[PDB]
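Residue numbers (the numbering used here), protein chains in the order written: chain B, 20 to 122; chain C, 2 to 102; chain G, 195 to 318; chain A, 22 to 145.
Where a beta carbon is used, it is the ideal one built from N, C-alpha and C, also for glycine.
Heads up: the structure comes next, in structure tokens.
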Amino acid sequence: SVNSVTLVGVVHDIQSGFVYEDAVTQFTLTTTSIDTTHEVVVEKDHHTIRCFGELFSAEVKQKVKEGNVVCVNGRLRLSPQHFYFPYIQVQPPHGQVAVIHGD
Amino acid sequence: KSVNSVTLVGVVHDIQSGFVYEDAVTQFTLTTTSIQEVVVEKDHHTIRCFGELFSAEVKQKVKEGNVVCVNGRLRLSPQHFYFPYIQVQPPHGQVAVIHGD
Amino acid sequence: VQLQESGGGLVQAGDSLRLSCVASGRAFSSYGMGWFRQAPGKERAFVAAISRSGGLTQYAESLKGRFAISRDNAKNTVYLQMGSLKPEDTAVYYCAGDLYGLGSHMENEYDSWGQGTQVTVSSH
Amino acid sequence: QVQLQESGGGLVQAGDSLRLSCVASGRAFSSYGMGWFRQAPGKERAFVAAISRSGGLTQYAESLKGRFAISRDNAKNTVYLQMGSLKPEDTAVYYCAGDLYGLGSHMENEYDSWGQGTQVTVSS
Numbered sequence: 020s021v022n023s024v025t026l027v028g029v030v031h032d033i034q035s036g037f038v039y040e041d042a043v044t045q046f047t048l049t050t051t052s053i054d055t056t057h058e059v060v061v062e063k064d065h066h067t068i069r070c071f072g073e074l075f076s077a078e079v080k081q082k083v084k085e086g087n088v089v090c091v092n093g094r095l096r097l098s099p100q101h102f103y104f105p106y107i108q109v110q111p112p113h114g115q116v117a118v119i120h121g122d
Numbered sequence: 002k003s004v005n006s007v008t009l010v011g012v013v014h015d016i017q018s019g020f021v022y023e024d025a026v027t028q029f030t031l032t033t034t035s036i037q038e039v040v041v042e043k044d045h046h047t048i049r050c051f052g053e054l055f056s057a058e059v060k061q062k063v064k065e066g067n068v069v070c071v072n073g074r075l076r077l078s079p080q081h082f083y084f085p086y087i088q089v090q091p092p093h094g095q096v097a098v099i100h101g102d
Numbered sequence: 195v196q197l198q199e200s201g202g203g204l205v206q207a208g209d210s211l212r213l214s215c216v217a218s219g220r221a222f223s224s225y226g227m228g229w230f231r232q233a234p235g236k237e238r239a240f241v242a243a244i245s246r247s248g249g250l251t252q253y254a255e256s257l258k259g260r261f262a263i264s265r266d267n268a269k270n271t272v273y274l275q276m277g278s279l280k281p282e283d284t285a286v287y288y289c290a291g292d293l294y295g296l297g298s299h300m301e302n303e304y305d306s307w308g309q310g311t312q313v314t315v316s317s318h
Numbered sequence: 022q023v024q025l026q027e028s029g030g031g032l033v034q035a036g037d038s039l040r041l042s043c044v045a046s047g048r049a050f051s052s053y054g055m056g057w058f059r060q061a062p063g064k065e066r067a068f069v070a071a072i073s074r075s076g077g078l079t080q081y082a083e084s085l086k087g088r089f090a091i092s093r094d095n096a097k098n099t100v101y102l103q104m105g106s107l108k109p110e111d112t113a114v115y116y117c118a119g120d121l122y123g124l125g126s127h128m129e130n131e132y133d134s135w136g137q138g139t140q141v142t143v144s145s
């Protein structure tokens, strides 16, 4: 009964803050699927990525920059806070955020 | 390989058939469950299966209470409010029924 | 609608092994396909199935995650990927067809059948 | 400054897989961000991978995500580099480095400690 999410996309809107007295750096991640046919359709999604931990949240806030491309592993979580807000819960050793440095 | 990819395992409720923008789909609720700690969090994901063939195959085989593995894209569709769901459609997505006993 | 398994034989426990079922006729693309198995003395049990559209698969609970089913209508072929073998996976593997294009865990719901292949895992 | 020691190098065949280790001397490792770089003939030492202290922030050279993966075990003061589907182009000397600030980076500039390096030869 697992819950896994893997996203590769572009970072916007990095913000550090708190929630329930827990450090959190959150950002939006934009993904773009280019439809595979043999026309030319392109779906684009924005996801809320949320990094828990005093260390990890800080690491993230420091290193990760607007416009970076990254790869994220975490849990798709639904927040009732009927309305359910979907964010990705990322915190080691379960999840991680990888920066992809190009050129 | 996949820019947007989700893998969920859990239990099927609320199987329903219908139409989005004329496109044929069957939809169901999938309920994952992650576990002085003991964090026991439920998450009731909306699954949408697209495709003329695919939608019917699901409705004919998948039944209330089944366990399934689901693979697909996370997406957000509003109308003032945003709806979170999971898009399953071959050859990218998959609903995999798991048989017990 | 004809069916022929290919790629059995024997192999060392811990090994992966890919199987193949080839269908004759041009109806394959409409057939639900399934893989069943049978060890010496015991009943023939379900393993995996894949629907026509290929988006709805099915798995024996225990034998899941190790085994993967897929199809290539182009080659009129259904495959079975067996990750990590074990002495208990020694048996005769059959491929089956479903006219109604679903696949099932219930064999009696399959109209077509293969000759069956012979997987034989080492050790024991 | 901390003393780092690569290992696991050697002669390898294309398509192969190799895992490298780096062991940190003494204390303070758990506070260190770690990184791998490599130097190929005719070229300057290049960034490969890095991992924060925590370590949920990893960093990767674009041409090498998918094939390489960095990890650490602080209960062994070790950082690893798992390499997959090796190519001739991966032939190089591979060094580990240590970042005091706990982060790691793509910049050679930003590590106080360096290993001696270990050679990986990928016979084409």
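Can the beta-carbon of residue i be found closer than 8 Å to that of residue j?
| i | j | result |
| --- | --- | --- |
| residue 59 of chain A | residue 96 of chain A | no |
| residue 143 of chain A | residue 33 of chain A | yes |
| residue 99 of chain A | residue 44 of chain A | yes |
| residue 119 of chain A | residue 23 of chain A | yes |
| residue 83 of chain B | residue 118 of chain B | yes |
| residue 47 of chain B | residue 80 of chain B | no |
| residue 23 of chain B | residue 76 of chain B | no |
| residue 76 of chain A | residue 114 of chain B | no |
| residue 276 of chain G | residue 197 of chain G | no |
| residue 41 of chain A | residue 116 of chain A | no |
What three-state label does DSSP hand residue i in the structure shown?
| i | result |
| --- | --- |
| residue 105 of chain B | strand |
| residue 204 of chain G | strand |
| residue 15 of chain C | strand |
| residue 24 of chain C | strand |
| residue 95 of chain B | strand |
| residue 120 of chain A | strand |
Residue i and residue j look like a contact to me (Cβ under 8 Å); what is the Cβ gap, rounded to whole Å?
| i | j | result |
| --- | --- | --- |
| residue 78 of chain B | residue 42 of chain B | No, residue 78 of chain B and residue 42 of chain B are not in contact; Cβ-Cβ is about 11 Å, not under 8 Å. |
| residue 263 of chain G | residue 279 of chain G | About 16 Å; that fails the 8 Å criterion. |
| residue 304 of chain G | residue 228 of chain G | 6 Å |
| residue 181 of chain G | residue 311 of chain G | Here chain G comprises residues numbered 195 to 318, so residue 181 of chain G is not present and cannot be evaluated. |
| residue 59 of chain B | residue 4 of chain C | Not a contact, Cβ separation roughly 17 Å. |
| residue 125 of chain A | residue 73 of chain A | 6 Å |
| residue 65 of chain B | residue 49 of chain B | 5 Å |
| residue 141 of chain A | residue 94 of chain A | About 21 Å separates the two Cβ atoms, so there is no contact after all. |
| residue 82 of chain C | residue 104 of chain B | Not really, about 10 Å apart at Cβ, beyond 8 Å. |
| residue 50 of chain C | residue 96 of chain C | 6 Å |
| residue 301 of chain G | residue 238 of chain G | 7 Å |
| residue 95 of chain B | residue 75 of chain C | 6 Å |
Can you tell me whether residue i is buried or exposed, with buried defined as 16 or more other CB within 10 angstroms of its CB?
| i | result |
| --- | --- |
| residue 82 of chain A | buried |
| residue 51 of chain B | exposed |
| residue 72 of chain C | buried |
| residue 21 of chain C | exposed |
| residue 67 of chain C | buried |
| residue 27 of chain A | buried |
| residue 318 of chain G | exposed |
| residue 99 of chain B | exposed |
| residue 68 of chain B | buried |
| residue 107 of chain B | buried |
Enumerated in chain order, which unbroken segments of the beta strand (DSSP E) with a length of 3 residues or greater are wholly contained in the segment 24-105 of chain A? 25-28, 31-34, 39-45, 54-60, 67-72, 78-82, 89-94, 99-104
Completely contained alpha helix (DSSP H) runs for the segment 52-101 of chain B, where each covers 4 or more residues: Those alpha helix (DSSP H) runs which fall completely within the segment 52-101 of chain B and span 4+ residues are 73-82.
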